[PDB]
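Here the protein sequences line up with chains 12, 16, 7, 14 and 15, keeping their order.
Counted from 1, the first sequence has number 175 at position 144 by the deposited numbering; the numbering is strictly sequential.
Counted from 1, the second sequence has number 204 at position 160 by the deposited numbering; the numbering is strictly sequential.
Counted from 1, the third sequence has number 181 at position 73 by the deposited numbering; the numbering is strictly sequential.
Counted from 1, the fourth sequence has number 208 at position 168 by the deposited numbering; the numbering is strictly sequential.
Counted from 1, the fifth sequence has number 271 at position 210 by the deposited numbering; the numbering is strictly sequential.
Report on one structure; see the data block that follows.
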Amino acid sequence: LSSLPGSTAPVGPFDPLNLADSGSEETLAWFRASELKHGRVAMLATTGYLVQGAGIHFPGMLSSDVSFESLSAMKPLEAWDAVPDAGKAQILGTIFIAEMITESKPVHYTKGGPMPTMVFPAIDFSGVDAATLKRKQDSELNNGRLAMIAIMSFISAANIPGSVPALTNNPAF
Amino acid sequence: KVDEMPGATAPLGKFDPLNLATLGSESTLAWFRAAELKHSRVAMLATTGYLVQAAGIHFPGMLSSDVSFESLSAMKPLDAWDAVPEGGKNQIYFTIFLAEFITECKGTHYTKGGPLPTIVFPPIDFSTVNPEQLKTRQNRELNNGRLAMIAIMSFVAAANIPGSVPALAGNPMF
Amino acid sequence: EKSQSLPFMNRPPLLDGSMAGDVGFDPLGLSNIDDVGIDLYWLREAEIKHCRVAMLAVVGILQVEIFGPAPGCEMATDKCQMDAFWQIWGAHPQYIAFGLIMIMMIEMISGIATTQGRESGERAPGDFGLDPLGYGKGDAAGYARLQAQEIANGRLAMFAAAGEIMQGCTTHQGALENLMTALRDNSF
Amino acid sequence: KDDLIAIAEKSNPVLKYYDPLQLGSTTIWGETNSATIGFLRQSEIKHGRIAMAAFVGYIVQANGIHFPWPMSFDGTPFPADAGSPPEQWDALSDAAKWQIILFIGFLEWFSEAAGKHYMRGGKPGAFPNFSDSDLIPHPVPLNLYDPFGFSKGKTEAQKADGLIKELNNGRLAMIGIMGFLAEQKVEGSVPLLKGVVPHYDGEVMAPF
Amino acid sequence: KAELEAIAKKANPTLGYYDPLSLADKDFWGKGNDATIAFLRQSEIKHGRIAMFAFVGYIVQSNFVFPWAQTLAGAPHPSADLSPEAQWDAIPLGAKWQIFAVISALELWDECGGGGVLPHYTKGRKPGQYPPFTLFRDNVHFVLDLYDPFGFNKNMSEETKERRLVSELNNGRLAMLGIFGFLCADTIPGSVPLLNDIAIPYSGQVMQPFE
Ligand code: CLA
Ligand code: CLA
Ligand code: CLA
Ligand code: CLA
Ligand code: CLA
Ligand SMILES: CC(=O)O[C@H]1CC(C)(C)C(=C=C/C(C)=C/C=C/C(C)=C/C=C/C=C(C)/C=C/C=C(\C)C(=O)C[C@@]23O[C@]2(C)C[C@@H](O)CC3(C)C)[C@](C)(O)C1
Ligand SMILES: CC(=O)O[C@H]1CC(C)(C)C(=C=C/C(C)=C/C=C/C(C)=C/C=C/C=C(C)/C=C/C=C(\C)C(=O)C[C@@]23O[C@]2(C)C[C@@H](O)CC3(C)C)[C@](C)(O)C1
Ligand SMILES: CC(=O)O[C@H]1CC(C)(C)C(=C=C/C(C)=C/C=C/C(C)=C/C=C/C=C(C)/C=C/C=C(\C)C(=O)C[C@@]23O[C@]2(C)C[C@@H](O)CC3(C)C)[C@](C)(O)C1
Ligand SMILES: CCCCCCCCCCCCO[C@@H]1O[C@H](CO)[C@@H](O[C@H]2O[C@H](CO)[C@@H](O)[C@H](O)[C@H]2O)[C@H](O)[C@H]1O
C-alpha cells in the first residue's frame, strides 16, 4: 500500500501481480522484512564485488597462510573459496547470533513489531524524527532494489559473458 | 467520448468512415488515442531524425570507441541503424523498455479513466492548465503527428522502391 | 484443547503443564501407560535420569578430549572416548568396577525410592533432596526456572551423549575432531 | 535536550542546532534520552579537551623542546631524536607507556566515581576535586582544575560563557590534531599542510 | 502567481506575459506551485545578475587588468591574452578554489536567510533580496554588506524600487543572452560581428588537473 514506505514516485505502489493480497497482513509484513534484508545484503554484496574487484584489499595476513594479496588477485566469486574454513566459521557464527537476536524481539515484525535493527553496536534509532526516517527508509529500499539487480548482474556477467552490455570487457568479471 | 476529445479539426470534423471509435468501449477508444499519440510522437521524432540525418549535421565526434558519428552521417539514416554497435542499440532498447514499463505502470492507466503517457525523465510535462489553450495545443500535436506518420512512410517508400514520390527519389539520402 | 508442540493434536490428558518441560509433546500417548510397572511417574523419573546421565556424559567427553585424562589415567592418549575406555579397562579395571558397583548400590536404592515414592506421595520424580547449596529455598519462580533449565539442558544433552557414543563408535576419532571433520567437509 | 539546543545556539547564532544523524535523540545502554545526552556532552567535551592539549603538545614536541632533566635511572632521555612526534611516542619505551595510560586512567576513573556524574544531574566536563569525595587516601595538595585557585570569584555568567568557547575551541582542535595525523599517513589529505608533516606512515591508532 | 503576471504588465506590454513551457503552474519536487513560482523568480534573477556581472566582466577584463602580483611565485599575471574566456584556466587552481569557497559561502548565506533574520524566498521573502550581514557583523568582526556596503541607497521612495526591479530583470535577461553572444562567438561563432574574439576552451569550467 501507499502509506507504507517503499511506495515512491515513479511506480508506487508497484504490485502488478497483486502479491500483497496473496496472503494476509502478516504475509506482507514478512515480505517487507525480506525485501529489507535482501536489500541490505545485496548493498553489501554489490560493494564487496566493486571493492574487491578493483584491488582494494586490507594490508597484511588474513590467516597464518592466506594473505589478502592472494585473495585480491582472484575474482571475488571464487575469492570466498580460498578463505579458511575457520574464517567462514567465524563469519557464519556471528550472522547466526545476528539472525537469532533480531528474530527474538518481543513482538515479531510479522505481527506488527520492529524490523531488524542493529545488534552490535546496538545504537537506538527509535525517536529519530519519523518524517526523516520515512524518507530514509525509502532510500534504503530503493538502494536495496537497485543493488539486488546489481549483484544479480555481477554474477550473471561473471559466468555468462555479454549478459549485461556494460560489463563485457571488464577484467573483474 | 469521441466528441469530447481532441483531434477534431476544421477540414474533416470527426473523420471516422469505419466508425472504429464506437466499435469498442471507451477503453478501446482510450487505447486508440494512446496509440495515435504514441505513433505520433515516434513519427515526429522519426521525420525530424530522418531530415537532420539526411542534411549531414551530426554530433562530434565518436559514437563508440570504433564507430564515429561521421561514418553514419555519410550513409542513409535507414542504413545508419545497421552500423550502430550492438551495445549501443541495447542501451537504446533498455531505456525505451524502461519508459514503456513506467508509463503503463504509473497509476490510473490510460485505458481506465487516466491520463495519457507523459515525460518519463525528467517528470515536469510542460502542460498548460488553461483548457481552452491546452485543447488546441494537443489538437496541434495530433495532426502534426498525423502528417509525420504519412511522412515517415513516404521516407521508407522512397528508400525501398525507387520513385513513389515526386519531390523525393532524386536525392542520395532518401 | 490442543497441544502446544503439535497444534493439530489434542492435548494429552495427563500432561497439564505442571512438570517443567511440559508443552504437551506426547503424540504416541505414552503418558497414558499404567500397566507393566510403568506410569507417568516412572517415565518422568526415567527422563530425568536420562537427562542427568547424558549431561554428565557430554562434559565427561569434553573434559578428556580437551584437557586429557585425569592423572593416574594418562595411559589413554586417544581422543575417541569409546576406545579410551578400553585402555583404562586394560590397565586399571578395578576403579571402573568400583564405580559400577557403587552405581549398582545407588541405583538399586533409587529404584526403591522411585517405587515407594510412587505408591506414596512424598517424593517428586527425580527428586533426591540433593540441594546442598539450597537453590530451592526461595524464589519459587526462580526455582521453577531451574527445574525447566535442568530439563531443557538435559533433553538437549540426550541427543549429544547418544551422538557422541554413536559417532565415536563409528568414526573412532572423538567428538571434537568429528566436529572439525564435518566443518571442512560441508564448508561452502 | 532542551538545554542542549540552548547551548548550541550560544556557540553559533547562525547554526543554531546542527544534527544530521540526529544522534542527540538516541539512548545507548537503555538509560533514557536525557542521560545519554549527558554522555554525548561529556564525550564531546573530553574529545575536544584532549585534542586541544594534543595540538599544543604537538607543536611543542614537533620542534626541539627536550627539557632537562631526564628522569630515569640509567640515562634514556625524552626521545625527541627522531623527531616527528608520532614517531616519538613509539620511541619512549614499552613500559613507560603503561605509566602514562594508567595515570590518565585514574583521572578517567575519578571523573566517574566521585561527586556527581554526567549521566545524572549533570554538569559534564566538571572534574571533581581531589580534596573532597573521601576516596583517595594520600591526600594530595592540589586539584586538577584549580590548583592555584585561578580564578574563584568569577560569576556564573562569566563561567557559563567559558564552556561555550571551550566547546568551540575544542571542536576546532579535534579537526586540528587530526589534520596533522592525516598527513602523517596520507599526503594531500589536508591541502594547506603539504610538505610540513613528515609522514609517520605507521599506525597512529595503536599504542604498542 | 498573479504577482508574476503583474511584473509582465510592467516589463513589456507589447509582448506581454509569456510562458511557452507553462512553468508558472507546475510544481517542482512536490513542494507546491507557490514555492515553484518563487524558485523560478529567484533563479532568473540570479541568472541575470550574474550575467550582468559577467557582461561588465567581459568588456574590461579584455582591455584593462591590474598588474601587481597575482601570486607568490612570480610570472605576475595570466598575461592577457585579451580574450577573457581563456584567462580563467591559468589563474591557477589554487585561486579558483578560493573563489569557489566564498561563492559557496555567499550563496549559503542567501538560502540561510541571514541566520533566520529574513524568511525564505519559497516561503515569503522578496526574491531578489539578499539577507544582510547584520547578524554576522554583530558577533565576529566588521564585514561589509553584500548589496550596498556603504549605505548609499535607502534614500529612495518605495514606488521607485519596483520600477527598478522591473528594470533589473529586463536588463538581466538581455545580458543572459548578451554574454552568451560572446562565448558562443568562439566555437563555430555565428553573428554579424565578427570581429570581437576567438578561443576554444568552450565551457565547463575547470581544466587540466581534475578527475
Ligand atoms: C496508426 C495509428 C493511428 C491510430 C491508433 C489512430 C486513432 C484514431 N484516429 Mg487517427 N489518423 C492517423 C493514424 C492513427 N489514428 C493518420 C496517419 C492520419 C492522417 C491520415 C489520421 C487522421 C485522423 C483524423 C482526421 C481523425 C483521426 C481520428 C482518430 C480517432 C478515431 C477512432 C478510430 O477510428 O480509430 C482508428 C482505429 C484504428 C485501429 C487505427 C487505424 C489503423 C488501421 C485500421 C490500420 C490499417 C490502415 C491501412 C494500412 C492504411 C494505412 C496506409 C499507410 C501506408 C499510409 C482514433 C483515436 C479522429 C479523432 O481524433 O477524433 C477526435 C479524427 O477526426 N485520425
Ligand atoms: C527479495 C525480493 C523482493 C521482495 C520479497 C520484495 C517485496 C516487495 N516489494 Mg520489491 N522489488 C524488488 C525485490 C523484492 N521486493 C526488486 C529487485 C525491485 C527492483 C525491480 C523491486 C521494486 C519494487 C518497487 C518499485 C515496489 C516494490 C514493492 C514491494 C512490496 C510489494 C508487495 C508484494 O507482496 O510483492 C511481493 C514480492 C515478491 C514475493 C518478490 C519475490 C520474487 C518473485 C516471486 C519472483 C521474481 C523473479 C524475477 C522475475 C527475476 C528478475 C531478476 C532481477 C535481477 C531483475 C513487497 C514488500 C512495493 C512497495 O515497496 O510497497 C510498500 C513497491 O512500490 N518492489
Ligand atoms: C577522528 C574521528 C573521531 C570520531 C568520528 C569519533 C567519534 C566518537 N568517539 Mg572518539 N576517539 C577519537 C576520535 C574520533 N572519535 C580518537 C582520536 C580517540 C583516541 C584518543 C578516540 C577515543 C574514544 C574513546 C575511548 C571513546 C570514543 C567514543 C566516540 C563516540 C562518542 C559518541 C557516542 O557515544 O556514540 C555512540 C557510539 C558509537 C556510534 C560507536 C559505535 C562503536 C561500535 C558499536 C563498535 C564497538 C566496539 C567496542 C570496542 C566494544 C567494546 C565493548 C564490547 C567488547 C562488549 C563517537 C562515535 C566513545 C564511545 O564510542 O562510547 C560509546 C568512547 O568511549 N572515542
Ligand atoms: C556419564 C558419566 C561418566 C562416565 C561413565 C565417566 C567415565 C570415565 N571417566 Mg569421566 N568425567 C565425567 C563423567 C563420566 N566419566 C564428568 C562429569 C567429568 C568432569 C567434567 C569427567 C572428567 C574426567 C577426567 C579428567 C577423566 C575422566 C576419566 C574417566 C574414565 C575412568 C574414570 C573412572 O573409571 O572412575 C571410577 C568411578 C568413580 C571413582 C566414581 C564414580 C562416581 C560415583 C558413582 C558417584 C556418582 C554420583 C552421581 C554423579 C550423582 C548422585 C547419584 C544419586 C545420589 C542421585 C571412565 C571411562 C579419566 C580417563 O581415563 O579418561 C580417558 C580421566 O582422566 N573423567
Ligand atoms: C512591444 C514593444 C516594447 C515596449 C512597449 C517596451 C517597453 C518598455 N521597455 Mg522594453 N524592450 C523591447 C520592446 C518593448 N519595450 C525590445 C524590442 C528590447 C530589446 C532592445 C527591449 C529591451 C529592454 C530593456 C533592457 C529594458 C526595457 C525597458 C522598457 C520599459 C521602459 C523603457 C523606457 O521608456 O525607458 C527610457 C529609456 C531609457 C532610459 C534608455 C536607457 C539606455 C541605457 C541606460 C543605455 C543603453 C546603451 C545605449 C543603447 C548605447 C550607449 C552608447 C554605446 C555606443 C556605448 C518599457 C515598459 C526597461 C525596463 O524594463 O525598465 C522599466 C529596461 O531596462 N526594454
Ligand atoms: C548528517 C550528515 O552529514 O550525514 C548524512 C548526510 C550525507 C552527508 C548527505 C550522507 C551522504 C551521501 C553519500 C556518502 C553518498 C556516496 C555514494 C557512493 C560512495 C557512491 C558510489 C558509487 C560507485 C560506483 C557506482 C562504481 C562503479 C564501478 C564499476 C562498474 C567498475 O567496473 C569498478 C572498477 O574497479 C573495477 C571493478 C574494474 C575496472 O575495469 C573498472 C573500475 C576500476 C572502475 C550520509 C553520510 O549518508 C548521512
Ligand atoms: C556536511 C556535514 O553535515 O558534516 C557533519 C557530519 C557529521 C559526521 C554527522 C558530524 C559529526 C561529528 C564529527 C565530525 C566527529 C570527528 C571528531 C574528530 C576529528 C575527533 C578527533 C579528536 C582527537 C583526539 C580525541 C586525540 C588526539 C591525541 C593526542 C593529542 C595524543 O594522544 C598525544 C599526541 O599528539 C601528541 C600530543 C604528542 C605525540 O608524541 C604523540 C601523539 C601524536 C599521540 C557533524 C558535526 O554534524 C558535521
Ligand atoms: C556556462 C557558463 O557560462 O559558466 C562558465 C563560467 C563559470 C562561472 C566559471 C562556470 C562555473 C562554476 C560553477 C557553476 C560551479 C558549481 C556550482 C554549484 C551549484 C555547486 C553545487 C554544490 C552542492 C553541494 C556541495 C551540496 C551539499 C548537500 C548536502 C551535503 C546534503 O544534501 C545533506 C544535508 O543538507 C541536508 C539534505 C540534510 C541534513 O540533515 C544534513 C545535510 C545538512 C548535510 C563554468 C560552468 O565553468 C563555465
Ligand atoms: C531514468 C532513465 C534511466 C536509464 C538508464 C540507462 C543506463 C545506461 C548505462 C549505459 C552504460 C554503458 O556501459 C558501456 O556499455 C558499452 C556497450 O554499450 C561497453 O562497450 C564495450 O563493449 C561493447 C560490446 O558490448 C563494444 O562494442 C565496445 O567497443 C566496448 O567499449 C562499455 O564498456 C560500457 O562502459
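All C-beta atoms in this analysis are idealised placements derived from N, C-alpha and C, irrespective of residue type, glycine included.
Give every residue of the same chain whose Cβ lies closer than 7 Å to the Cβ of residue i, excluding the five residues on either side of it in the sequence, and list them in chain order.
{"i": "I141 (chain 7)", "result": "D147"}
{"i": "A147 (chain 15)", "result": "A260, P262"}
{"i": "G244 (chain 7)", "result": "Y251"}
{"i": "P129 (chain 16)", "result": "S108, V111"}
{"i": "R211 (chain 14)", "result": "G88"}
{"i": "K137 (chain 14)", "result": "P247, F248"}
How many whole angstroms separate the CB atoms of residue i and residue j, which I take to be in contact at a CB cut-off of 8 Å?
{"i": "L160 (chain 16)", "j": "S84 (chain 16)", "result": "So it is not a contact: roughly 11 Å between Cβ atoms."}
{"i": "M217 (chain 16)", "j": "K120 (chain 16)", "result": "5 Å"}
{"i": "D186 (chain 7)", "j": "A192 (chain 7)", "result": "4 Å"}
{"i": "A75 (chain 14)", "j": "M159 (chain 14)", "result": "4 Å"}
{"i": "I186 (chain 12)", "j": "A73 (chain 12)", "result": "The pair is not a contact, with the Cβ atoms about 11 Å apart (cut-off 8 Å)."}
{"i": "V46 (chain 16)", "j": "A74 (chain 16)", "result": "Their Cβ separation, rounded to whole angstroms, is 11 Å, which puts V46 (chain 16) and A74 (chain 16) out of contact at 8 Å."}
{"i": "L177 (chain 12)", "j": "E66 (chain 12)", "result": "Not a contact, Cβ separation roughly 13 Å."}
{"i": "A154 (chain 7)", "j": "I259 (chain 7)", "result": "About 13 Å; that fails the 8 Å criterion."}
{"i": "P137 (chain 15)", "j": "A151 (chain 15)", "result": "Wrong, their Cβ atoms sit about 13 Å apart, outside the cutoff."}
{"i": "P168 (chain 14)", "j": "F150 (chain 14)", "result": "7 Å"}
{"i": "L123 (chain 7)", "j": "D130 (chain 7)", "result": "5 Å"}
To the nearest angstrom, how far is the alpha carbon of residue i from that of residue j?
{"i": "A76 (chain 12)", "j": "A162 (chain 15)", "result": "37 Å"}
{"i": "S112 (chain 16)", "j": "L198 (chain 12)", "result": "22 Å"}
{"i": "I249 (chain 15)", "j": "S108 (chain 16)", "result": "24 Å"}
{"i": "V204 (chain 15)", "j": "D169 (chain 16)", "result": "45 Å"}
{"i": "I169 (chain 7)", "j": "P121 (chain 7)", "result": "39 Å"}
{"i": "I105 (chain 14)", "j": "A120 (chain 14)", "result": "8 Å"}
{"i": "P201 (chain 7)", "j": "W194 (chain 7)", "result": "9 Å"}
{"i": "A153 (chain 12)", "j": "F62 (chain 12)", "result": "25 Å"}
{"i": "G219 (chain 7)", "j": "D239 (chain 7)", "result": "20 Å"}
{"i": "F267 (chain 7)", "j": "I214 (chain 7)", "result": "25 Å"}
{"i": "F199 (chain 16)", "j": "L142 (chain 16)", "result": "28 Å"}
{"i": "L84 (chain 15)", "j": "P210 (chain 15)", "result": "36 Å"}
Leaving out five residues before and five after residue i in sequence, what residues of the same chain have Cβ atoms less than 6 Å from its Cβ?
{"i": "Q135 (chain 16)", "result": "none"}
Please go through the same chain and pick out, in chain order, the residues whose beta-carbon is closer than 8 Å to the beta-carbon of residue i, but skip the five residues on each side of it.
{"i": "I45 (chain 14)", "result": "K56, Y57"}
{"i": "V138 (chain 12)", "result": "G144, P145"}
Per the contact definition of three or more C-beta pairs closer than 8 Å, is the region 162 to 171 of chain 15 in contact with the region 71 to 78 of chain 15?
no
Can you confirm whether the region 123 to 130 of chain 15 touches the region 218 to 236 of chain 15 when touching is taken to mean that 3 or more C-beta pairs between the two stretches lie within less than 8 Å?
Between the region 218 to 236 of chain 15 and the region 123 to 130 of chain 15 there are fewer than three inter-stretch CB-CB distances shorter than 8 Å, so the stretches are not counted as touching.
Taking 8 Å as the cut-off, does the region 217 to 231 of chain 14 touch the region 188 to 206 of chain 15 (at least 3 CB pairs, one atom from each stretch)?
no
On the three-pair Cβ rule with 8 Å, is the region 156 to 166 of chain 7 touching the region 253 to 273 of chain 7?
yes
Quick check: the region 65 to 75 of chain 14 against the region 83 to 101 of chain 14, are there 3 or more CB pairs under 8 Å?
The answer is no - the region 83 to 101 of chain 14 does not touch the region 65 to 75 of chain 14, with fewer than three Cβ pairs under 8 Å.
Closer than 7 Å, Cβ to any Cβ of chain 16: which residues of the region 108 to 140 of chain 15, in chain order?
none
Determine which residues of the region 137 to 163 of chain 16 have a Cβ less than 7 Å from any Cβ of chain 15, and write them out in chain order.
The region 137 to 163 of chain 16 vs chain 15, Cβ under 7 Å: nothing.
Identify each residue in the region 254 to 287 of chain 7 for which the Cβ-Cβ distance to at least one residue of chain 12 is less than 9 Å, and report them in chain order.
none
Under 8 Å, CB to CB, which of the residues in the region 182 to 208 of chain 15 have a partner in chain 14?
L196, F197, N200
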